[PDB]
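Coordinates as given in my_file.tsv (TSV, C-alpha atoms):
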```tsv
chain	number	residue	atom	x	y	z
A	1	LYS	CA	88.27	67.65	109.06
A	2	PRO	CA	90.88	69.11	106.66
A	3	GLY	CA	88.45	71.15	104.52
A	4	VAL	CA	88.75	70.91	100.74
A	5	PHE	CA	90.98	73.53	99.07
A	6	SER	CA	93.05	73.64	102.28
A	7	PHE	CA	96.34	73.62	100.33
A	8	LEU	CA	95.83	77.38	99.80
A	9	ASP	CA	95.91	78.00	103.57
A	10	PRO	CA	99.67	78.81	103.88
A	11	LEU	CA	99.21	82.00	101.78
A	12	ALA	CA	96.34	84.37	102.57
A	13	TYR	CA	93.59	84.83	99.98
A	14	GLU	CA	94.95	88.34	99.32
A	15	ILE	CA	98.24	86.90	98.00
A	16	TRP	CA	96.45	84.39	95.74
A	17	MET	CA	94.40	87.17	94.13
A	18	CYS	CA	97.46	89.40	93.63
A	19	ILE	CA	99.52	86.50	92.22
A	20	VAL	CA	96.93	86.08	89.44
A	21	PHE	CA	96.95	89.85	88.84
A	22	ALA	CA	100.77	89.91	88.81
A	23	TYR	CA	100.88	86.95	86.42
A	24	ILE	CA	98.53	88.67	83.94
A	25	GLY	CA	100.45	91.96	84.21
A	26	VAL	CA	103.87	90.36	83.65
A	27	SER	CA	102.60	88.38	80.64
A	28	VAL	CA	101.16	91.49	78.95
A	29	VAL	CA	104.28	93.60	79.61
A	30	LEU	CA	106.62	90.86	78.37
A	31	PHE	CA	104.56	90.60	75.18
A	32	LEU	CA	104.46	94.41	74.86
A	33	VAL	CA	108.24	94.95	74.98
A	34	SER	CA	109.02	91.89	72.82
A	35	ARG	CA	106.47	92.38	69.98
A	36	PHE	CA	105.93	96.14	69.55
A	37	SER	CA	109.55	96.88	68.55
A	38	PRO	CA	110.21	96.91	64.77
A	39	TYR	CA	113.89	96.11	65.53
A	40	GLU	CA	112.88	93.02	67.55
A	41	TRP	CA	110.23	92.00	64.97
B	1	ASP	CA	88.41	90.85	62.26
B	2	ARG	CA	89.66	94.43	61.82
B	3	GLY	CA	86.21	95.92	62.48
B	4	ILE	CA	85.44	93.90	65.61
B	5	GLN	CA	88.88	94.62	67.14
B	6	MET	CA	88.35	98.39	66.95
B	7	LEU	CA	84.81	98.04	68.33
B	8	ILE	CA	86.14	95.82	71.16
B	9	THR	CA	88.83	98.38	72.01
B	10	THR	CA	86.40	101.31	71.98
B	11	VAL	CA	83.77	99.43	74.02
B	12	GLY	CA	86.36	97.96	76.40
B	13	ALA	CA	87.96	101.34	77.11
B	14	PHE	CA	84.58	102.82	78.10
B	15	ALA	CA	83.82	99.81	80.34
B	16	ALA	CA	87.26	99.96	82.00
B	17	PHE	CA	87.00	103.72	82.64
B	18	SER	CA	83.38	103.65	83.87
B	19	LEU	CA	84.15	100.82	86.30
B	20	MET	CA	87.17	102.75	87.60
B	21	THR	CA	85.38	106.03	88.40
B	22	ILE	CA	82.52	104.13	90.09
B	23	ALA	CA	85.02	102.10	92.13
B	24	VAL	CA	86.80	105.26	93.31
B	25	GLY	CA	83.62	107.29	93.82
B	26	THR	CA	81.60	104.69	95.71
B	27	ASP	CA	82.36	103.65	99.30
B	28	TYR	CA	81.65	99.90	99.37
B	29	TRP	CA	85.30	98.76	99.25
B	30	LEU	CA	85.46	96.98	102.62
B	31	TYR	CA	82.93	95.64	105.12
B	32	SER	CA	84.24	95.95	108.67
B	33	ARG	CA	83.18	96.49	112.28
B	34	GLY	CA	83.60	100.12	113.26
B	35	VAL	CA	82.12	103.51	114.14
B	36	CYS	CA	80.60	106.18	111.86
B	37	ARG	CA	80.07	108.78	114.63
B	38	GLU	CA	79.90	101.25	120.58
B	39	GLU	CA	80.83	99.97	117.09
B	40	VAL	CA	78.76	98.18	114.43
B	41	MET	CA	78.97	96.75	110.91
B	42	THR	CA	80.24	99.39	108.47
B	43	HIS	CA	81.03	99.62	104.76
B	44	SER	CA	84.28	101.48	104.04
B	45	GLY	CA	85.48	103.20	100.89
B	46	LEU	CA	88.58	105.10	99.78
B	47	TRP	CA	87.47	108.32	101.54
B	48	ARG	CA	84.41	107.55	103.70
B	49	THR	CA	83.38	104.71	106.02
B	50	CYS	CA	79.67	104.38	106.84
B	51	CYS	CA	77.64	102.02	109.04
B	52	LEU	CA	74.94	99.90	107.37
B	53	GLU	CA	73.15	98.65	110.52
B	54	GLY	CA	72.14	100.36	113.76
B	55	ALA	CA	70.54	103.71	114.55
B	56	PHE	CA	73.17	105.50	112.40
B	57	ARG	CA	72.04	103.90	109.12
B	58	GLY	CA	73.72	105.70	106.22
B	59	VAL	CA	75.11	108.66	108.20
B	60	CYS	CA	78.89	108.86	108.22
B	61	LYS	CA	82.02	111.04	108.17
B	62	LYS	CA	85.37	111.23	106.40
B	63	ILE	CA	87.97	108.55	107.04
B	64	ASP	CA	90.92	109.83	109.06
B	65	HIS	CA	94.24	108.30	107.98
B	66	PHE	CA	96.92	109.76	110.26
B	67	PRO	CA	96.36	108.50	113.85
B	68	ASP	CA	108.43	105.08	111.09
B	69	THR	CA	109.48	106.41	107.67
B	70	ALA	CA	108.34	103.30	105.78
B	71	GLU	CA	104.93	103.36	107.52
B	72	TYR	CA	104.63	107.11	106.85
B	73	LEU	CA	105.29	106.64	103.12
B	74	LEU	CA	102.69	103.85	102.91
B	75	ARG	CA	100.16	105.93	104.84
B	76	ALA	CA	100.87	109.04	102.74
B	77	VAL	CA	100.35	107.11	99.49
B	78	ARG	CA	97.24	105.41	100.92
B	79	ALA	CA	95.82	108.70	102.25
B	80	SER	CA	96.38	110.41	98.89
B	81	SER	CA	95.32	107.24	97.00
B	82	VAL	CA	97.25	108.58	94.00
B	83	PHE	CA	97.59	105.15	92.35
B	84	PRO	CA	93.83	104.45	91.96
B	85	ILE	CA	93.37	108.08	90.82
B	86	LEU	CA	96.39	107.82	88.49
B	87	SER	CA	94.66	104.80	86.91
B	88	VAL	CA	91.61	107.01	86.26
B	89	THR	CA	93.71	109.57	84.35
B	90	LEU	CA	95.57	106.93	82.32
B	91	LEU	CA	92.25	105.40	81.22
B	92	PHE	CA	91.08	108.93	80.34
B	93	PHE	CA	94.25	109.59	78.31
B	94	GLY	CA	94.02	106.13	76.75
B	95	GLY	CA	90.38	106.65	75.81
B	96	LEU	CA	91.16	109.94	74.07
B	97	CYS	CA	93.90	108.29	71.97
B	98	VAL	CA	91.45	105.59	70.82
B	99	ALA	CA	88.87	108.28	69.98
B	100	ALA	CA	91.52	110.29	68.09
B	101	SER	CA	92.81	107.05	66.50
B	102	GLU	CA	89.95	106.95	63.97
B	103	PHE	CA	90.81	110.55	62.92
B	104	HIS	CA	94.57	110.38	62.18
B	105	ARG	CA	94.89	107.16	60.17
B	106	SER	CA	98.22	108.47	58.78
B	107	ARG	CA	99.90	108.44	62.22
B	108	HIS	CA	100.07	104.85	63.50
B	109	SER	CA	101.68	105.79	66.85
B	110	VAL	CA	98.42	107.15	68.35
B	111	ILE	CA	96.86	103.67	68.61
B	112	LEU	CA	100.07	102.21	70.07
B	113	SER	CA	100.15	105.07	72.62
B	114	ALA	CA	96.66	103.99	73.70
B	115	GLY	CA	97.94	100.44	74.18
B	116	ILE	CA	100.78	101.64	76.41
B	117	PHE	CA	98.34	103.78	78.43
B	118	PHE	CA	96.02	100.82	79.11
B	119	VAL	CA	98.91	98.49	80.01
B	120	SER	CA	100.53	101.13	82.24
B	121	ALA	CA	97.20	101.92	83.94
B	122	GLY	CA	96.71	98.25	84.87
B	123	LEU	CA	100.11	98.30	86.58
B	124	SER	CA	98.93	101.36	88.54
B	125	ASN	CA	95.84	99.41	89.69
B	126	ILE	CA	97.65	96.33	91.02
B	127	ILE	CA	100.11	98.60	92.86
B	128	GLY	CA	97.11	100.58	94.11
B	129	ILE	CA	95.40	97.42	95.42
B	130	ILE	CA	98.57	96.26	97.22
B	131	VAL	CA	98.93	99.66	98.92
B	132	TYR	CA	95.24	99.63	99.92
B	133	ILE	CA	95.38	96.07	101.30
B	134	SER	CA	98.68	96.58	103.17
B	135	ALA	CA	97.48	99.81	104.82
B	136	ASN	CA	94.11	98.20	105.68
B	137	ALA	CA	95.78	95.34	107.57
B	138	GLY	CA	98.30	97.70	109.19
B	139	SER	CA	87.04	90.00	110.33
B	140	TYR	CA	86.31	91.76	107.03
B	141	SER	CA	84.95	91.30	103.51
B	142	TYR	CA	85.25	93.16	100.20
B	143	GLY	CA	82.28	94.81	98.53
B	144	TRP	CA	81.53	95.26	94.86
B	145	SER	CA	83.54	98.51	94.80
B	146	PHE	CA	86.79	96.60	95.40
B	147	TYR	CA	85.86	94.01	92.77
B	148	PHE	CA	85.05	96.81	90.31
B	149	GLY	CA	88.67	97.89	90.57
B	150	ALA	CA	89.75	94.27	90.14
B	151	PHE	CA	87.61	93.90	87.00
B	152	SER	CA	88.81	97.28	85.67
B	153	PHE	CA	92.38	95.92	85.73
B	154	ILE	CA	91.57	92.76	83.73
B	155	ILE	CA	89.61	94.74	81.10
B	156	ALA	CA	92.40	97.33	80.81
B	157	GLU	CA	95.02	94.63	80.11
B	158	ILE	CA	92.77	92.90	77.54
B	159	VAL	CA	92.08	96.17	75.68
B	160	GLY	CA	95.80	97.00	75.78
B	161	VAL	CA	96.71	93.67	74.18
B	162	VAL	CA	94.07	94.18	71.47
B	163	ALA	CA	95.23	97.78	70.93
B	164	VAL	CA	98.84	96.60	70.43
B	165	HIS	CA	97.62	93.86	68.07
B	166	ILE	CA	95.85	96.46	65.92
B	167	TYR	CA	99.00	98.59	65.66
B	168	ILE	CA	101.26	95.60	64.91
B	169	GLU	CA	99.08	94.31	62.06
B	170	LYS	CA	98.95	97.82	60.56
B	171	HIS	CA	102.76	97.96	60.37
B	172	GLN	CA	102.72	94.41	58.99
B	173	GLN	CA	100.33	95.56	56.23
B	174	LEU	CA	102.46	98.67	55.60
B	175	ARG	CA	105.56	96.43	55.34
B	176	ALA	CA	103.65	94.22	52.85
```
Translate this file's structure into structure tokens.
Amino acid sequence: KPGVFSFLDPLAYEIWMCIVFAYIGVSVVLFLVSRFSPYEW
Amino acid sequence: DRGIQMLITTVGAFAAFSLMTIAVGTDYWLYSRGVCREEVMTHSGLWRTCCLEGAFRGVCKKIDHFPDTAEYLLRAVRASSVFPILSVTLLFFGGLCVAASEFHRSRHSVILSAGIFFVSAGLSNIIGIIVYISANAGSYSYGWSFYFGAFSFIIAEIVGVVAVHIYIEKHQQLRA
């Protein structure tokens, strides 16, 4: 019986957790280098 | 919201640092079947693995790491665990900058330096988790110690964003 939330099976639960962590880290760094510079803003 | 932002940053930095030292100090990172001397259920940490059921309740020894250059580098980093410890120092350096921020109002770079320290420390955590998971694999469950490190990363990024926001608005007010 294909269990619900089975579409996450191809990637292990470790990858899904680290993808969320990587997404948050990239977003903060991209904001940091694009907003903190007086020359850029 | 100038007052609440500084209170959030000061409170958040203490929460991120306290969660980090507890996560490193405690040994409830992983629940696995093993021996703490047959093998039984054990709770493993960064330095010690200990059984939680059986006649050897609570008694345990140091974790050995060394039992292939790429494998050696991963094992050496994992054995030293420099990345989780490096995240402890960066929170400590970031906390000091926030504490010294309310002293030197003239210098606006001290609060921005705290923001960089929190953002950089979070990058040291995610790279620390990947090293820990990869070495672990090369049934199980994660205890609250592992999740403390996960929640210390999210708090560190949030405080870093708020710390950068405080510095940016100060230069905006100076430019006005």
Practice task
Tell me, as a PyMOL selection string, which residues lie within 8 Å of residue B:156, counting all atoms listed in the file; anything in the same chain fewer than 2 positions away does not count.
Solution key: chain B and resi 12-13+16+118-119+121-122+152-154+158-160
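Using only C-alpha atoms, the part of chain B that sits within 10 Å of chain A is made up of residues 112, 115, 116, 119, 120, 122, 123, 125, 126, 127, 129, 130, 133, 134, 150, 153, 154, 157, 158, 160, 161, 164, 165, 167, 168, 171 and 172 of chain B.
You will find atom CA of residue B:28 at 8.4 Å from atom CA of residue B:49.
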Exercise for the section: Fewer than 3 positions away in the same chain doesn't count, so skip those; otherwise give me all residues within 12 Å of residue B:40, counting all atoms listed in the file, as a PyMOL selection string. Expected result: chain B and resi 31-37+43+49-57
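For the atom pair formed by atom CA of residue B:132 and atom CA of residue B:19, the distance is 17.6 Å, given to one decimal.
Take the candidates B:59, B:114, B:166, B:77 and check each one against residue B:92 using only C-alpha atoms; the shortest distance goes to B:114.
For the pair atom CA of residue B:81 and atom CA of residue B:41, the interatomic distance is 23.9 Å.
Those DNA, RNA and protein residues that approach the point (83.6, 95.6, 99.0) to within 10 Å, considering only C-alpha atoms, are residues 23, 26, 27, 28, 29, 30, 31, 32, 43, 44, 45, 140, 141, 142, 143, 144, 145, 146, 147 and 148 of chain B.
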Practice task
Would you list the contacts of residue B:88 as a ChimeraX atom specification, taking every protein, DNA or RNA residue within 7 Å and counting only C-alpha atoms, but skipping same-chain residues closer than 4 positions in sequence?
Solution key: /B:17,20-21,84,92
Exercise for the section: Determine the nearest neighbour of residue B:82 from the options B:42, B:69, B:124, B:101, counting all atoms listed in the file. Expected result: B:124
